[PDB]
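Enquirer: This one's experimental. Sequence and coordinates below.
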Amino acid sequence: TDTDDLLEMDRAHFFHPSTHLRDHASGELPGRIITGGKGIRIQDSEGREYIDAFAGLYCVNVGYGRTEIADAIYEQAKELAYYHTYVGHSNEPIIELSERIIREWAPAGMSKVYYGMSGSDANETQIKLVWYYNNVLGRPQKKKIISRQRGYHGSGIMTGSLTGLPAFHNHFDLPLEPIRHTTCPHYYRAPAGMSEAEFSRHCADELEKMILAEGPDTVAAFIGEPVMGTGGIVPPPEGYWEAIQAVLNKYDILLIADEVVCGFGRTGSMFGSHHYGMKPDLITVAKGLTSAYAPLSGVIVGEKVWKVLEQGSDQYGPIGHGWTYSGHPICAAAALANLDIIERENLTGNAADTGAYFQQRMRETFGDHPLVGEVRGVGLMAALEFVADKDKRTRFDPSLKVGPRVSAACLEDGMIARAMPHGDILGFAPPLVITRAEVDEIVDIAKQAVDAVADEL
Amino acid sequence: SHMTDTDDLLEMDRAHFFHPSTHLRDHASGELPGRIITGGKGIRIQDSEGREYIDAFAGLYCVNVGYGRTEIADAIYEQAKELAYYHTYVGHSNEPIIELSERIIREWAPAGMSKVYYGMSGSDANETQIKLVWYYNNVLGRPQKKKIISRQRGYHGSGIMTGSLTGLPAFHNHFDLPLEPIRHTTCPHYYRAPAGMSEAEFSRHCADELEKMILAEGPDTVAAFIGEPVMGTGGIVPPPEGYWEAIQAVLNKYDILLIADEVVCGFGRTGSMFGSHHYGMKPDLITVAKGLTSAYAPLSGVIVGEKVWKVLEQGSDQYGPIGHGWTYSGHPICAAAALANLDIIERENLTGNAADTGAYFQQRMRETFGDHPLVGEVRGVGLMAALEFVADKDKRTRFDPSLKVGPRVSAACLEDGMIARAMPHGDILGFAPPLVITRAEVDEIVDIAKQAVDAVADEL
Ligand SMILES: *Cc1c(COP(=O)(O)O)cnc(C)c1O
Ligand SMILES: *Cc1c(COP(=O)(O)O)cnc(C)c1O
């Protein structure tokens, strides 16, 4: 078959991200070629159909098969596929997009957008900017960046260091200096007997303790996803963001909001920052910026950092930072069409409405399930965490592969939901066009899967 | 399709768009006016006011098939309609990325290459390289063997670790770079070589400097050496005769991996398939971007040799799935753009054009500028070339940087409708035209440059 020939070429020549390299190459872990899709459904090269309740990777937010977006990419590609944006050069779509991000989407007090292609390159830029900012101000020691356990901020050297999951550290010598990781903001794993408000205060106090141990004048920034994505779909505890921000303000520490997942509608607000009342100095975007139709990332720079960057150019000349593809015309054109759709179909409001329905349905269906320790989520992201003992929150032996098994049972029933890393967790992040009826279908399939695995154990 | 309201767009630009590599205050205030590029065809681009320019820099060494390829726009469009995106994590794939991987390995990359890993930028690809080099040494039980040796004036990206690799001060100053464990050895620029050394002697001097560095560091602590076959952003600097052979012998003696950064030289520019082919390099790892898609869509590649690949597979045995991935790794539309780009390069034999019209280019530049009083050196290979300007040709004396001699020659070219780059940290005029360029277009470029160089020479 054509699939067999392609799979063969794949195994012989393609190094996949996040794959068992030996077992892929040998054919021990079979591959899958995705060829098409529409709305929330995708299709493989053998014609099999799947409900994609993970929207690729939290990213195909307007759904699959938007010919509107393909048309917009095509028109830009015909007119001017590329020019650089170095030394004040520009193109029409990147200018239009920058104005739209600032005026209509980003929180108030944001000033400028800098572009790359990945969440990783955007967070790399953030770190560079934070160091530069402190050097411009004559604070050479104020450089440490505090991230969080289970946070996800990319897969590079410095960005993998920010990331708080061991797969991105082990055997890569990370994290490097000067990165630190504070408390995982996951109430389910809070110290025993803590209320939610107590746990938010515990997180704040642990951060303070870290800042004092480091010396506050050496701590430049704090980076956090409003809701943790890859670390297990973890909304923050009640009062967390207010308690954290008071500590950061007390010690003059910049806040970076990593909105790569929460950006552009997924929580039911425009950004996760809007949803939780965060006031970041710097914002990272990607994924839902284009619904993955073309690669694009953004660093949204607040007025306070921007003023210092302008001061920096006065004293030091043009900023020594650029990517060849910064502000790429076709990627910008894809973003514009994507945002047109999000606005026109009010997918932010759908994420709030169908999302609340999703969360309610998940709680009803799984809140008393013997296998499920916690049901959590906000808007159109949700997860089920599985435990061996609900009373003591005891984890399964990782060799039992409980999460991966529930995910595999879902896939047998034609639905894609992710076995989240470093845990037994089933995550959902469907396209923002999903209907309530489609939510029912997803929940029903998950219910059958969770039951099947529970019976086996 | 539609005219552009230039004044209004320029205004929105200044108020909201943070450009790469721009004077941020002067851009925002309007003191450095912007330029909006709206169109292009072949080697010419057009701004929003309708002005036309010959782009002798191919954007940034990247628009290699030339501008306005509707064939590539069609291929992007067909993939975007069929499947704009899915991830390639856990063995998932798409048809164009599989096809591209096979074509890169079987038809383009040097012998002994095994696999391709994908990103979107030269910078993210070199970031992947460093991760892979450290992982490789950890798999082998050599935790100390981690240092990466780069070179003065080398260019490898604009990130934290990649900017550290980069050997130009603009990417270091006020960013606290370079970090450990990066080192920089000798700039392979013969024009600035110790006086009275032949080219081959200077190659041996560079080899000996590298060896000295390795011994001072302790060879068991040195993991890899990274180099562009020909330096791009560091001033269009072909290596001296014998350089790559002499370097490789040192790297082999001390079990040090070679990374070839082919972001510029990859896919035809030197008149060979890769710079590695052209100079007889045998890299363990290869970085590509730019000419991989002719910039029609963002894509980068890390080409992994058989020796590193074997250890990566061994690593998976020991440690499980590799903890590395970008969301857009193997992006379908970017892969489709690459395939159409490579079809054009192969069909029109742009590698051969780069050799033929390139040799003509180099010869024409020598004839025109080899005795010019302002020009210390004419250099290049294939379709990259530079003029380096000096205040005294006998002693190779540099101009006071405040005279801005390089920027002024570039600005005079632009007045005459041609884009050629004032290269950073020196007085150097660089050329890297699209690979479709004709001899006739080379004559036009050379003539414009001649007038520009004469004009600035008169002013001094
Ligand atoms: C996916 C993700 C990233 C990394 O983006 P890439 O485009 O994969 O580099 C960064 N931060 C968060 C919060 C993400 O979810
Ligand atoms: C341009 C360049 C890079 C970085 O590529 P980006 O796509 O700009 O990140 C790396 N290496 C070399 C030799 C380059 O010319």
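Expert: Happy to help now that I have it. Numbering: from 1, shown residues only, chains lettered A, B, ... in the order given. Ligands and ions are numbered 1, 2, ... in the order given.
Enquirer: any chance you could map the strands in the stretch 301-450 of chain A?
Expert: A:372-378, A:381-386, A:415-416, A:418-419, A:425-428 (DSSP state E, counting those that start in this stretch).
Enquirer: Among those, which comes closest to residue A:392?
Expert: Nearest to residue A:392, of all the strands of the stretch 301-450 of chain A, is strand A:372-378, at 9.8 Å by CB to CB. All C-beta spots, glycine's among them, are computed from the backbone N, C-alpha and C.
Enquirer: Contacts for that closest one next, please.
Expert: Under the criterion CB atoms under 8 Å, 6 or more residues apart in numbering or on different chains, residues A:188, A:227, A:233-235, A:267-268, A:275, A:355, A:358-359, A:362-363, A:366-367, A:382-387, A:390, A:393, A:428, A:450 lie in contact with strand A:372-378.
Enquirer: among the strands of the stretch 301-450 of chain A, which is nearest ligand 1?
Expert: Proximity to ligand 1 (CB to the nearest ligand atom) singles out strand A:381-386 among those, at 10.6 Å.
Enquirer: So which elements touch the closest one?
Expert: helix A:347-366, strand A:372-378, helix A:402-412, strand A:425-428, helix A:436-456 (3 or more CB pairs under 8 Å, 6 or more residues apart in numbering or on different chains; DSSP states H and E).
Enquirer: what's that strand in contact with?
Expert: By CB under 8 Å, 6+ apart, strand A:381-386 touches A:58, A:188, A:227, A:229, A:232-234, A:261, A:266-267, A:358-359, A:362, A:366, A:369, A:371-377, A:396, A:402-403, A:406, A:420, A:423-429, A:446, A:450.
Enquirer: Throw the helices and strands packed on strand A:381-386 into CSV and include distance to residue A:93, thanks.
Expert: Conversion of the helices and strands packed on strand A:381-386 to CSV gives the following (distance: least, CB to CB, whole Å):
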stretch, distance to residue A:93
helix A:347-366, 21
strand A:372-378, 32
helix A:402-412, 38
strand A:425-428, 32
helix A:436-456, 32
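Enquirer: filter the contacts of strand A:381-386 down to the ones near ligand 1?
Expert: A:58, A:229, A:261 (CB under 6 Å from any ligand atom).
Enquirer: show me the contacts for residue A:167.
Expert: A:421-422, B:321, B:323.
Enquirer: quick revisit: write a PyMOL command that selects only the buried members of the ones next to ligand 1 among the contacts of strand A:381-386.
Expert: In PyMOL, a selection of the buried entries from these looks like this (16 or more other CB atoms under 10 Å in any protein chain shown):
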select buried, chain A and resi 58+229+261
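Enquirer: Tell me which entries of the ones next to ligand 1 among the contacts of strand A:381-386 lie within helices.
Expert: residue A:58 (DSSP state H).
Enquirer: Closest to chain B out of the ones next to ligand 1 among the contacts of strand A:381-386?
Expert: Closest approach to chain B among those (CB to the nearest CB): residue A:58, at 8.5 Å.
Enquirer: Against ligand 2, how distant is that closest one?
Expert: Separation of residue A:58 from ligand 2 (CB to the nearest ligand atom, to the nearest Å): 25 Å.
Enquirer: Can you get me a residue count around the residue of the stretch 101-250 of chain A found nearest ligand 2?
Expert: Nearest residue of the stretch 101-250 of chain A to ligand 2 (CB to the nearest ligand atom) works out as residue A:121 at 8.1 Å. If you count neighbours by other CB atoms under 10 Å in any protein chain shown, residue A:121 ends up with 32.
Enquirer: Please apply the same query to residue A:370.
Expert: 12.
Enquirer: wait, what's in contact with it?
Expert: A:390, A:454.
Enquirer: Mind listing residues that contact the helix or strand containing residue A:33?
Expert: Residue A:33 belongs to strand A:32-38 when assigned by DSSP states H and E. Residues from elsewhere that reach strand A:32-38, judged by CB under 8 Å, 6+ apart: A:3, A:6-7, A:10, A:42-45, A:52, A:63-65, B:82-83, B:86, B:91-95, B:98.
Enquirer: Check which residues of stretch A:405-419 are buried.
Expert: For stretch A:405-419, by 16+ other CB under 10 Å, it's A:405-407, A:409-411, A:415-419.
Enquirer: Kindly report the same for stretch A:426-446.
Expert: A:426-434, A:438-439, A:441-443, A:445-446.
Enquirer: That stretch spans what distance, first to last residue?
Expert: The separation between the terminal residues of stretch A:426-446, taken as CA to CA, to the nearest Å, is 9 Å.
Enquirer: Next, the contact list for residue A:12, please.
Expert: Per CB under 8 Å, 6+ apart, neighbours of residue A:12: A:25, B:102, B:105.
Enquirer: Does it fall in a helix, a strand, or a coil region?
Expert: Residue A:12 falls in the helix class when you classify it by DSSP: H, G, I helix; E, B strand; the rest coil.
Enquirer: quick one: contacts for the closest residue to residue A:420 other than its chain neighbours?
Expert: Leaving out its chain neighbours, the residue that sits closest to residue A:420 by CB to CB, 6 or more residues apart in numbering or on different chains is residue A:427, at 4.6 Å. Counting by CB under 8 Å, 6+ apart, residue A:427 makes contact with A:54, A:232-233, A:381-383, A:417-420.
Enquirer: quick one on the thing from earlier: hang on, the residue of the stretch 101-250 of chain A closest to ligand 2 in a strand?
Expert: No - assessed by three-state DSSP, residue A:121 does not belong to a strand; its assignment is helix.
Enquirer: re earlier: sheet partners, orientation included, of the helix or strand following the strand holding residue A:33?
Expert: Using DSSP H and E, the helix or strand that directly follows strand A:32-38 along the chain is strand A:41-44. Applying DSSP bridges to the sheet, strand A:41-44 is found paired with strand A:32-38 (antiparallel), strand A:49-52 (antiparallel).
Enquirer: what about residue A:397, neighbour count?
Expert: 9.
Enquirer: Just list the residues touching it, thanks.
Expert: For residue A:397, counting by CB under 8 Å, 6+ apart, there are no contacting residues.
Enquirer: same thing with residue A:91?
Expert: Listed by CB under 8 Å, 6+ apart, the contact set of residue A:91 reads A:80, A:83, A:85, A:327, A:329, A:332, B:36-38.
Enquirer: domain ranges for chain A?
Expert: Following the assignment in curated CATH domains, chain A carries domains at A:1-65+A:345-457, A:66-344.
Enquirer: winner for burial among those?
Expert: The highest average neighbour count among the domains of chain A, using mean count of other CB atoms under 10 Å in any protein chain shown, belongs to domain A:66-344 at a mean of 22.
Enquirer: Just the endpoints, please. Distance across it?
Expert: Counting by CA to CA, the terminal residues of domain A:66-344 are separated by 14 Å.
Enquirer: Which positions in the stretch 251-400 of chain A make contact with ligand 2?
Expert: A:323-325.
Enquirer: Reformat those as TSV; add distance to chain B.
Expert: Below are these laid out as TSV (distance: CB to the nearest CB, whole Å):
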residue	distance to chain B
A:323	5
A:324	5
A:325	4
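Enquirer: Show me where the stretch 1-150 of chain A has its helices.
Expert: A:2-13, A:21-26, A:55-58, A:67-80, A:92-100, A:119-136 (DSSP state H, counting those that start in this stretch).
Enquirer: give the contact list for residue A:146.
Expert: Counted by CB under 8 Å, 6+ apart, residue A:146 has contacts A:179-182, A:207, A:210-211, A:219, A:221-223, A:253.
Enquirer: do that again at 10 Å, thanks
Expert: A:162, A:178-182, A:207, A:210-211, A:214, A:219-224, A:248, A:253 (CB atoms under 10 Å, 6 or more residues apart in numbering or on different chains).
Enquirer: Okay, and which of those residues map to helices?
Expert: Reading helices off the contacts of residue A:146 with DSSP H, I get A:162, A:207, A:210-211, A:214, A:248.
Enquirer: backbone phi and psi for residue A:297, please?
Expert: Main-chain dihedrals, residue A:297, degrees, to the nearest 10: phi -130, psi 160.
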